[PDB]
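Below you'll find the structure, written out as structure tokens, and then a few comments.
Laid out in structure tokens, this is it:
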């Protein structure tokens, strides 16, 4: 019943992942892990659990990390 892998709300995957958009068709959204050390991020990667359309392919950085800017519109999950 709890359809997962494919996603619409973080809730159906949970703490450790977020409901990221697909790179193939915006139509599809899937579970993606919280951003780990060095992975790309977006400053608007809203907290978990988010029930809305995340819009981005990104997930918030893991608790012991923060989404810091590296270049124009390019942020990464660094240690903070």
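Numbering (the numbering used here), first residue to last: 1224 to 1303.
Where a beta carbon is used, it is the ideal one built from N, C-alpha and C, also for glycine.
Alpha carbon of residue i to alpha carbon of residue j, nearest angstrom
i            : j            : result
residue 1299 : residue 1268 : 11 Å
residue 1251 : residue 1229 : 7 Å
residue 1281 : residue 1225 : 22 Å
residue 1264 : residue 1239 : 15 Å
residue 1276 : residue 1255 : 14 Å
residue 1234 : residue 1294 : 31 Å
Collapsed DSSP secondary structure at residue i in the structure displayed
i            : result
residue 1288 : coil
residue 1320 : Since the first residue of the chain shown is 1224 and the last is 1303, residue 1320 is not available in this structure.
residue 1277 : coil
residue 1302 : coil
residue 1254 : strand
Exposure label - residue i; buried when at least 16 CB within 10 Å
i            : result
residue 1258 : buried
Check whether the region 1270-1286 and the region 1234-1249 are in contact - that is, three or more C-beta pairs closer than 8 Å. yes
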